[PDB]
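Structure file model_34.txt (compact mmCIF, C-alpha atoms and all ligand atoms) is printed below.
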# COMPACT_ATOMS: atom_id res chain seq x y z
CA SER A 1494 108.14 81.95 98.11
CA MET A 1495 105.12 83.88 99.51
CA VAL A 1496 105.33 87.64 98.92
CA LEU A 1497 102.75 89.41 101.07
CA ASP A 1498 102.55 92.63 103.11
CA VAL A 1499 100.76 91.58 106.33
CA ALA A 1500 99.48 93.92 109.04
CA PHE A 1501 98.38 92.66 112.44
CA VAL A 1502 96.18 95.10 114.34
CA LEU A 1503 95.37 94.37 117.98
CA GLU A 1504 92.77 96.16 120.12
CA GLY A 1505 94.31 97.11 123.49
CA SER A 1506 91.47 99.10 125.12
CA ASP A 1507 90.37 99.06 128.77
CA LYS A 1508 87.50 96.78 127.67
CA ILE A 1509 89.95 94.18 126.31
CA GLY A 1510 92.12 94.43 129.41
CA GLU A 1511 95.68 93.31 130.00
CA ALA A 1512 95.14 89.55 130.25
CA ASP A 1513 93.11 89.29 127.04
CA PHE A 1514 95.59 91.53 125.28
CA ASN A 1515 98.34 89.10 126.32
CA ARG A 1516 96.29 86.29 124.73
CA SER A 1517 95.95 88.33 121.49
CA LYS A 1518 99.71 88.95 121.49
CA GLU A 1519 100.36 85.21 121.90
CA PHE A 1520 98.03 84.60 118.92
CA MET A 1521 100.02 87.09 116.82
CA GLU A 1522 103.41 85.73 117.81
CA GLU A 1523 102.36 82.16 116.98
CA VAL A 1524 101.26 83.20 113.51
CA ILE A 1525 104.46 85.16 112.85
CA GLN A 1526 106.61 82.22 114.00
CA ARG A 1527 104.72 79.94 111.58
CA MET A 1528 104.65 82.28 108.56
CA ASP A 1529 107.42 82.51 105.97
CA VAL A 1530 108.42 85.97 107.25
CA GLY A 1531 111.63 87.42 105.86
CA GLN A 1532 113.40 89.95 103.68
CA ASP A 1533 112.33 88.58 100.32
CA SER A 1534 109.05 86.91 101.44
CA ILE A 1535 106.35 87.93 103.97
CA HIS A 1536 106.71 91.42 105.53
CA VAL A 1537 104.96 92.40 108.79
CA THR A 1538 103.72 95.57 110.38
CA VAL A 1539 101.91 95.69 113.72
CA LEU A 1540 99.50 98.24 115.26
CA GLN A 1541 98.00 98.32 118.74
CA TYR A 1542 94.97 100.59 119.06
CA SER A 1543 92.51 101.99 121.56
CA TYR A 1544 92.05 105.75 121.74
CA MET A 1545 95.26 106.25 119.75
CA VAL A 1546 97.06 104.06 117.22
CA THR A 1547 100.57 102.80 118.17
CA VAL A 1548 102.87 101.50 115.48
CA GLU A 1549 104.57 98.57 117.16
CA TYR A 1550 106.59 97.57 114.07
CA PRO A 1551 106.64 99.36 110.66
CA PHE A 1552 107.33 97.75 107.26
CA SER A 1553 110.40 100.03 107.10
CA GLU A 1554 112.30 98.32 109.93
CA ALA A 1555 114.22 95.05 109.47
CA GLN A 1556 111.91 92.43 107.94
CA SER A 1557 113.54 89.51 109.60
CA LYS A 1558 111.61 87.13 111.88
CA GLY A 1559 113.99 87.47 114.84
CA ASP A 1560 113.93 91.29 114.82
CA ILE A 1561 110.11 91.36 114.59
CA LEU A 1562 109.60 88.76 117.33
CA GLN A 1563 112.07 90.44 119.70
CA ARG A 1564 110.23 93.76 119.46
CA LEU A 1565 106.74 92.23 119.74
CA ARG A 1566 107.82 90.26 122.79
CA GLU A 1567 108.94 93.50 124.43
CA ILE A 1568 105.90 95.64 123.80
CA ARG A 1569 102.97 95.77 126.19
CA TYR A 1570 99.22 96.43 126.66
CA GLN A 1571 98.52 100.15 126.25
CA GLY A 1572 95.00 100.50 127.66
CA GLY A 1573 92.55 103.24 126.75
CA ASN A 1574 89.00 104.50 126.90
CA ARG A 1575 87.83 103.95 123.28
CA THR A 1576 87.92 101.33 120.56
CA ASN A 1577 88.81 103.60 117.66
CA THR A 1578 88.77 100.89 114.99
CA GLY A 1579 88.02 103.40 112.23
CA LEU A 1580 91.07 105.48 113.17
CA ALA A 1581 93.21 102.34 113.00
CA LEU A 1582 91.82 101.38 109.58
CA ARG A 1583 92.52 104.88 108.27
CA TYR A 1584 96.06 104.64 109.65
CA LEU A 1585 96.71 101.46 107.61
CA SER A 1586 95.51 103.18 104.43
CA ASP A 1587 97.13 106.57 104.96
CA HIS A 1588 100.50 105.42 106.37
CA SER A 1589 101.18 101.74 106.95
CA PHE A 1590 100.58 100.62 103.38
CA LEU A 1591 102.36 103.45 101.58
CA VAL A 1592 105.28 102.57 99.33
CA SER A 1593 107.09 105.50 100.96
CA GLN A 1594 106.74 103.64 104.27
CA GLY A 1595 108.01 100.28 103.04
CA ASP A 1596 104.95 98.78 101.29
CA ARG A 1597 105.75 96.74 98.16
CA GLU A 1598 103.41 97.58 95.28
CA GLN A 1599 103.37 93.97 94.03
CA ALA A 1600 102.78 92.27 97.42
CA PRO A 1601 99.09 91.93 98.38
CA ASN A 1602 98.11 93.99 101.43
CA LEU A 1603 96.47 91.73 104.01
CA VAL A 1604 95.21 92.80 107.46
CA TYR A 1605 94.30 90.55 110.42
CA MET A 1606 92.54 92.68 113.00
CA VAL A 1607 91.55 91.41 116.45
CA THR A 1608 88.67 93.28 118.18
CA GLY A 1609 86.28 92.44 120.98
CA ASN A 1610 84.01 95.47 121.10
CA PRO A 1611 81.89 97.65 118.90
CA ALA A 1612 83.81 100.56 117.39
CA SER A 1613 83.67 103.92 119.19
CA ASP A 1614 84.05 105.72 115.86
CA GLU A 1615 82.76 105.53 112.30
CA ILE A 1616 83.46 102.31 110.33
CA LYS A 1617 83.64 102.19 106.54
CA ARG A 1618 85.21 99.48 104.39
CA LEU A 1619 88.75 100.45 103.22
CA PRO A 1620 89.53 100.86 99.55
CA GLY A 1621 89.72 97.30 98.23
CA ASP A 1622 93.48 97.11 97.49
CA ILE A 1623 93.67 96.46 101.20
CA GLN A 1624 92.12 93.11 102.16
CA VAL A 1625 90.97 93.06 105.79
CA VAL A 1626 90.11 89.86 107.68
CA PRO A 1627 88.59 90.91 111.01
CA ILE A 1628 88.76 88.49 113.92
CA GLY A 1629 85.85 89.21 116.22
CA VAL A 1630 86.37 87.80 119.69
CA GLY A 1631 83.82 87.21 122.44
CA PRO A 1632 80.20 88.29 122.91
CA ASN A 1633 80.69 92.05 122.46
CA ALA A 1634 82.17 91.98 118.95
CA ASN A 1635 79.77 93.65 116.48
CA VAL A 1636 79.23 91.23 113.64
CA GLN A 1637 77.66 93.73 111.20
CA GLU A 1638 80.61 96.12 111.54
CA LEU A 1639 83.02 93.27 110.96
CA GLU A 1640 81.09 92.14 107.87
CA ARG A 1641 81.32 95.68 106.53
CA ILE A 1642 85.09 95.78 107.03
CA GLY A 1643 85.68 92.30 105.69
CA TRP A 1644 83.45 92.14 102.62
CA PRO A 1645 83.27 90.00 100.54
CA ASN A 1646 84.43 87.46 103.11
CA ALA A 1647 82.99 86.34 106.40
CA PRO A 1648 84.74 87.66 109.53
CA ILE A 1649 86.58 85.02 111.57
CA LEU A 1650 84.57 84.78 114.80
CA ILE A 1651 86.22 83.35 117.93
CA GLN A 1652 84.25 82.45 121.02
CA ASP A 1653 86.53 84.06 123.59
CA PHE A 1654 90.11 85.23 124.26
CA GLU A 1655 91.11 81.90 125.81
CA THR A 1656 90.25 80.30 122.48
CA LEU A 1657 91.96 82.88 120.27
CA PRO A 1658 95.59 81.74 120.50
CA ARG A 1659 94.55 78.05 120.26
CA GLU A 1660 92.25 78.21 117.18
CA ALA A 1661 92.98 81.42 115.28
CA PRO A 1662 96.55 80.81 114.13
CA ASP A 1663 95.50 77.86 111.90
CA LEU A 1664 92.58 79.92 110.53
CA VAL A 1665 94.84 82.81 109.55
CA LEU A 1666 97.37 80.50 107.94
CA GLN A 1667 94.57 78.87 105.91
CA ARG A 1668 93.66 82.28 104.56
CA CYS A 1669 97.10 83.80 103.92
CA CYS A 1670 99.22 80.84 103.13
CA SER A 1671 97.19 77.84 101.93
CA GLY A 1672 97.39 76.30 105.39
CA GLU A 1673 101.14 75.89 105.17
CA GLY A 1674 102.74 76.57 108.52
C1 LIG A 1701 101.07 90.17 130.26
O1 LIG A 1701 102.32 89.75 129.80
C2 LIG A 1701 103.37 90.50 130.37
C3 LIG A 1701 104.67 90.31 129.60
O2 LIG A 1701 105.03 88.97 129.64
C4 LIG A 1701 103.51 90.04 131.81
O3 LIG A 1701 104.55 90.76 132.43
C5 LIG A 1701 102.20 90.37 132.51
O4 LIG A 1701 102.20 89.90 133.83
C6 LIG A 1701 101.01 89.79 131.75
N1 LIG A 1701 99.77 90.28 132.33
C7 LIG A 1701 98.75 89.47 132.63
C8 LIG A 1701 97.52 90.09 133.22
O5 LIG A 1701 98.75 88.25 132.43
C1 LIG A 1702 90.09 109.21 127.55
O1 LIG A 1702 91.36 109.11 126.97
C2 LIG A 1702 91.76 110.35 126.37
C3 LIG A 1702 93.01 110.11 125.53
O2 LIG A 1702 94.07 109.75 126.40
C4 LIG A 1702 91.99 111.40 127.46
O3 LIG A 1702 92.32 112.63 126.89
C5 LIG A 1702 90.70 111.59 128.25
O4 LIG A 1702 90.98 112.39 129.38
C6 LIG A 1702 90.15 110.23 128.70
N1 LIG A 1702 88.83 110.37 129.26
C7 LIG A 1702 88.59 110.34 130.57
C8 LIG A 1702 87.16 110.53 130.98
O5 LIG A 1702 89.47 110.19 131.43
CA CA A 1703 101.79 95.84 99.11

Represent the structure from my file as structure tokens, please.
Amino acid sequence: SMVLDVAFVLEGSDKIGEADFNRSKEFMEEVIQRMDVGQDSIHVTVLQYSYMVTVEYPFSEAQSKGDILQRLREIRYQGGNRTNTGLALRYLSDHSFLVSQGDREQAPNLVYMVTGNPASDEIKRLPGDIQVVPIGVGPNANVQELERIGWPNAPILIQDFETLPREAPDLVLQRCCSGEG
């Protein structure tokens, strides 16, 4: 009944580290489990980023909850020496959300992006047909950058990675899905 194209983007840099990445992955998996994901409803794509952007699941592969969860359970922390948030945002606009890559023109493009550090590269807000909700986590997230990305809405700010998988899934569901889930 809910027709949305949802991207999750997780920072996996050396500064995040493996344990906090695992907490971000748990956050993502909980949300996916609770969303109405499926062939004719919510579609999911997933990026992990640091220096480079890794497509962990594209819109063009099977949009079935089981297939998505299996793959996401199998993928792992990538590490890396930058937080190239701008590169990741450009990737969403230039590739992830193209109709040629499985985007549906009529389904709103929503992004939930978890970051814990200031960007290493240049940040500009994406063209507005892409709605980005940044989730800043811990004391080194740059609030002004996240406001720029997320305008007109406030970023979701989470105190630390321990708190992320316990508080953030409800917050995302409130935004995407009227709190149903
Ligand atoms: C992260 O999760 C993976 C996959 O379950 C596990 O093998 C690994 O030990 C975890 N790492 C940390 C630091 O918790
Ligand atoms: C940082 O990561 C990049 C991309 O993998 C790599 O080319 C470069 O050597 C790394 N920098 C250092 C100082 O190791
Ligand atoms: Ca779309």

Give me, as CSV, the closest atom pair and its distance (Å, one decimal) for every residue of chain A within a cut-off of 8 Å of ligand LIG 1701 (chain A), counting all atoms listed in the file, rows sorted by chain and rising number.
residue,atom,partner,partner_atom,distance
A:1510,CA,A:LIG1701,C8,7.9
A:1511,CA,A:LIG1701,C8,4.9
A:1512,CA,A:LIG1701,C8,3.8
A:1513,CA,A:LIG1701,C8,7.6
A:1514,CA,A:LIG1701,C1,7.5
A:1515,CA,A:LIG1701,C1,4.9
A:1566,CA,A:LIG1701,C3,7.5
A:1567,CA,A:LIG1701,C3,7.4
A:1568,CA,A:LIG1701,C3,8.0
A:1569,CA,A:LIG1701,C3,6.7
A:1570,CA,A:LIG1701,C1,7.5

Report the closest atom pair, with its distance in Å rounded to one decimal, for each residue of chain A that has an atom no farther than 10 Å from ligand CA 1703 (chain A); count only C-alpha atoms and all ligand atoms, sort by chain and then rising residue number, and write it as CSV.
residue,atom,partner,partner_atom,distance
A:1496,CA,A:CA1703,CA,8.9
A:1497,CA,A:CA1703,CA,6.8
A:1498,CA,A:CA1703,CA,5.2
A:1499,CA,A:CA1703,CA,8.4
A:1536,CA,A:CA1703,CA,9.2
A:1589,CA,A:CA1703,CA,9.8
A:1590,CA,A:CA1703,CA,6.5
A:1591,CA,A:CA1703,CA,8.0
A:1592,CA,A:CA1703,CA,7.6
A:1595,CA,A:CA1703,CA,8.6
A:1596,CA,A:CA1703,CA,4.8
A:1597,CA,A:CA1703,CA,4.2
A:1598,CA,A:CA1703,CA,4.5
A:1599,CA,A:CA1703,CA,5.6
A:1600,CA,A:CA1703,CA,4.1
A:1601,CA,A:CA1703,CA,4.8
A:1602,CA,A:CA1703,CA,4.7
A:1603,CA,A:CA1703,CA,8.3
A:1622,CA,A:CA1703,CA,8.6
A:1623,CA,A:CA1703,CA,8.4

Take the residues that were just selected and, keeping C-alpha atoms, output them as a short mmCIF file (atom, residue, chain, number, x, y, z; two decimals), keeping the file's coordinate frame.
data_model
loop_
_atom_site.label_atom_id
_atom_site.label_comp_id
_atom_site.auth_asym_id
_atom_site.auth_seq_id
_atom_site.Cartn_x
_atom_site.Cartn_y
_atom_site.Cartn_z
CA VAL A 1496 105.33 87.64 98.92
CA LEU A 1497 102.75 89.41 101.07
CA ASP A 1498 102.55 92.63 103.11
CA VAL A 1499 100.76 91.58 106.33
CA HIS A 1536 106.71 91.42 105.53
CA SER A 1589 101.18 101.74 106.95
CA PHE A 1590 100.58 100.62 103.38
CA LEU A 1591 102.36 103.45 101.58
CA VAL A 1592 105.28 102.57 99.33
CA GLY A 1595 108.01 100.28 103.04
CA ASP A 1596 104.95 98.78 101.29
CA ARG A 1597 105.75 96.74 98.16
CA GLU A 1598 103.41 97.58 95.28
CA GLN A 1599 103.37 93.97 94.03
CA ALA A 1600 102.78 92.27 97.42
CA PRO A 1601 99.09 91.93 98.38
CA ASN A 1602 98.11 93.99 101.43
CA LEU A 1603 96.47 91.73 104.01
CA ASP A 1622 93.48 97.11 97.49
CA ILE A 1623 93.67 96.46 101.20
#

Within 12 Å of ligand LIG 1702 (chain A), counting all atoms listed in the file, which protein or nucleic acid residues do you find, written as a PyMOL selection string?
chain A and resi 1506-1507+1542-1546+1571-1577+1613

With C-alpha atoms kept, could you save the residues just selected as a PDB file, in the coordinates of the input?
ATOM      1  CA  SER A1506      91.470  99.100 125.120  1.00  0.00           C
ATOM      2  CA  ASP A1507      90.370  99.060 128.770  1.00  0.00           C
ATOM      3  CA  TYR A1542      94.970 100.590 119.060  1.00  0.00           C
ATOM      4  CA  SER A1543      92.510 101.990 121.560  1.00  0.00           C
ATOM      5  CA  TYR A1544      92.050 105.750 121.740  1.00  0.00           C
ATOM      6  CA  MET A1545      95.260 106.250 119.750  1.00  0.00           C
ATOM      7  CA  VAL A1546      97.060 104.060 117.220  1.00  0.00           C
ATOM      8  CA  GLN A1571      98.520 100.150 126.250  1.00  0.00           C
ATOM      9  CA  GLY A1572      95.000 100.500 127.660  1.00  0.00           C
ATOM     10  CA  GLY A1573      92.550 103.240 126.750  1.00  0.00           C
ATOM     11  CA  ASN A1574      89.000 104.500 126.900  1.00  0.00           C
ATOM     12  CA  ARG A1575      87.830 103.950 123.280  1.00  0.00           C
ATOM     13  CA  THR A1576      87.920 101.330 120.560  1.00  0.00           C
ATOM     14  CA  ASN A1577      88.810 103.600 117.660  1.00  0.00           C
ATOM     15  CA  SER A1613      83.670 103.920 119.190  1.00  0.00           C
TER      16      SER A1613
END

Given the point (78.6, 95.9, 113.4) in the coordinates of this file, which residues lie within 12 Å, counting only C-alpha atoms, and how would they look as a PyMOL selection string?
chain A and resi 1578+1608-1618+1627+1629+1633-1643+1648

What is the atom CA of residue 1631 of chain A to atom CA of residue 1664 of chain A distance in Å?
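Interatomic distance, atom CA of residue 1631 of chain A to atom CA of residue 1664 of chain A: 16.5 Å.
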
Taking all atoms of segment 1562-1569 of chain A that appear in the file, build a box with edges along x, y and z, extend it by 3 Å on every side, and state its centre and edge lengths in Å to one decimal, as AutoDock Vina command-line options.
--center_x 107.5 --center_y 92.3 --center_z 121.8 --size_x 15.1 --size_y 13.0 --size_z 14.9

Counting all atoms listed in the file, figure out which residue out of A:1519, A:1530, A:1500, A:1582 gets nearest to residue 1550 of chain A.
A:1500

For residue 1532 of chain A, the nearest of the candidates A:1503, A:1657, A:1495, A:1509, counting all atoms listed in the file:
A:1495

Please provide as a PyMOL selection string all residues within 9 Å of residue 1666 of chain A, with the sequence filter that same-chain residues fewer than 5 positions apart are discarded (counting all atoms listed in the file).
chain A and resi 1524+1527-1528+1661+1671-1674

Å distance separating atom CA of residue 1523 of chain A from atom CA of residue 1557 of chain A, one decimal place
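Between atom CA of residue 1523 of chain A and atom CA of residue 1557 of chain A the gap works out to 15.3 Å.
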
Pick from A:1504, A:1525, A:1660, A:1538: nearest to residue 1554 of chain A, with all atoms listed in the file counted?
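Going through A:1504, A:1525, A:1660, A:1538 one by one, the smallest distance to residue 1554 of chain A is for A:1538.
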
How many Å separate atom CA of residue 1606 of chain A from atom CA of residue 1518 of chain A?
11.7 Å

Can segment 1650-1666 of chain A be brought up to N, CA and C atoms and written out as a tab-separated table (two decimals), in the coordinates of the input?
chain	number	residue	atom	x	y	z
A	1650	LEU	N	85.10	84.55	113.46
A	1650	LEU	CA	84.57	84.78	114.80
A	1650	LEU	C	85.04	83.72	115.79
A	1651	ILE	N	85.58	84.19	116.92
A	1651	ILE	CA	86.22	83.35	117.93
A	1651	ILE	C	85.47	83.51	119.25
A	1652	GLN	N	85.18	82.40	119.90
A	1652	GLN	CA	84.25	82.45	121.02
A	1652	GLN	C	84.72	83.34	122.17
A	1653	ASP	N	86.00	83.24	122.50
A	1653	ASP	CA	86.53	84.06	123.59
A	1653	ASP	C	88.06	84.20	123.48
A	1654	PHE	N	88.65	85.04	124.33
A	1654	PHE	CA	90.11	85.23	124.26
A	1654	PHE	C	90.93	84.00	124.61
A	1655	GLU	N	90.40	83.13	125.48
A	1655	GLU	CA	91.11	81.90	125.81
A	1655	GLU	C	91.25	81.06	124.53
A	1656	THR	N	90.29	81.18	123.63
A	1656	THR	CA	90.25	80.30	122.48
A	1656	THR	C	91.12	80.84	121.34
A	1657	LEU	N	91.22	82.16	121.30
A	1657	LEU	CA	91.96	82.88	120.27
A	1657	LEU	C	93.35	82.30	119.93
A	1658	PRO	N	94.25	82.19	120.92
A	1658	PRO	CA	95.59	81.74	120.50
A	1658	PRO	C	95.63	80.25	120.16
A	1659	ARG	N	94.60	79.49	120.55
A	1659	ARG	CA	94.55	78.05	120.26
A	1659	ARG	C	93.85	77.66	118.95
A	1660	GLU	N	92.96	78.52	118.45
A	1660	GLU	CA	92.25	78.21	117.18
A	1660	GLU	C	92.62	79.15	116.04
A	1661	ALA	N	92.89	80.42	116.35
A	1661	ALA	CA	92.98	81.42	115.28
A	1661	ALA	C	94.26	81.32	114.43
A	1662	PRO	N	95.36	80.86	115.01
A	1662	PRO	CA	96.55	80.81	114.13
A	1662	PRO	C	96.37	79.93	112.90
A	1663	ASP	N	95.81	78.72	113.05
A	1663	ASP	CA	95.50	77.86	111.90
A	1663	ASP	C	94.56	78.56	110.90
A	1664	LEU	N	93.57	79.28	111.40
A	1664	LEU	CA	92.58	79.92	110.53
A	1664	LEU	C	93.27	80.98	109.68
A	1665	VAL	N	94.14	81.78	110.30
A	1665	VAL	CA	94.84	82.81	109.55
A	1665	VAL	C	95.76	82.20	108.50
A	1666	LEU	N	96.47	81.14	108.86
A	1666	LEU	CA	97.37	80.50	107.94
A	1666	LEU	C	96.63	79.88	106.76
